[PDB]
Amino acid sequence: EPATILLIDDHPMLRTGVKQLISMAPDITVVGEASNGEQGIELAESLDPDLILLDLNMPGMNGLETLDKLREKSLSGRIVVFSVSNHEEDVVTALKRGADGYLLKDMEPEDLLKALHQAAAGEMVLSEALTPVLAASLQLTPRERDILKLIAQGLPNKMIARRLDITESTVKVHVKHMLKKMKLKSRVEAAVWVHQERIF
């Protein structure tokens, strides 16, 4: 029952530390690791983790390429990236490319832990500061409309499941289907869209 996390990076000491941090929280767990983008895309697709942690600082300068390719697959979880830096343009680019959030490698262990846990097993809404960025870039089953409404509120898969009295597996199936259906690449984008048009 703990939330699953897929780690994609090629930065040993960072992964070593992140693993230690994840051990401090029983309700979250690492389901897979990958030091190669291609391998990571394979694991992402077959495991469909609640959280995919991607490092954009990977060798070959193809971190943003792996993101495009992940966003091509049918995923129902969240993708949080380790930004190159805290510069506005490095951040907005990641979000525009399909990431739900971003983290910095120089965060304090205590704060990083809270961020990973929130992204994997908690509520997570985009800050108003970054909302216009996604807004700039921007046939539904009754059950899917219910799921979309809750997604707009930032609820994770598990909370949505225990709310609509459905199994988490069917939630994931519904999320990836209506997402790929409505031409939406991420959950934050789905949330921003809904609020933009005030569907609810």
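Numbers for residues come from their place in the sequence shown, where the first is 1.
Pick one of none, 1 to 3, 4 to 9 or 10 or more for the number of deposited-sequence residues not modelled between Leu138 and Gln139. 10 or more residues are missing.
Open item on the list: I need to verify one thing: averaged over C-alpha atoms only, is the B-factor higher for 95 to 103 or for 117 to 125?
Closed with: Higher mean C-alpha B-factor in the PDB entry: 117 to 125.
* Pick between 161 to 169 and 141 to 149: the one whose mean CA B-factor in the entry is higher. => On average, C-alpha B-factors are higher across 141 to 149.
Could you say which of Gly60, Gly40, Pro49, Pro132 has its CA atom at the highest B factor, as listed in the PDB entry?
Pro132 has the highest C-alpha B-factor of those listed.
TODO: Kindly indicate the residue among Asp27, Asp55, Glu33, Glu65 with the greatest C-alpha B-factor in the PDB record.
DONE: Comparing C-alpha B-factors across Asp27, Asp55, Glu33, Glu65, the maximum falls on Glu65.
Where the record places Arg78 (Cα B-factor, split into thirds across the chain):
Lowest third.
> By the record's CA B-factor, is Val192 among the lowest, middle or highest third of residues in the chain?
Replying inline: For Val192, the deposited C-alpha B-factor lands in the highest third.
Third assignment of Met13 from its chain's C-alpha B-factors: Answer is middle: the recorded C-alpha B-factor places it there.
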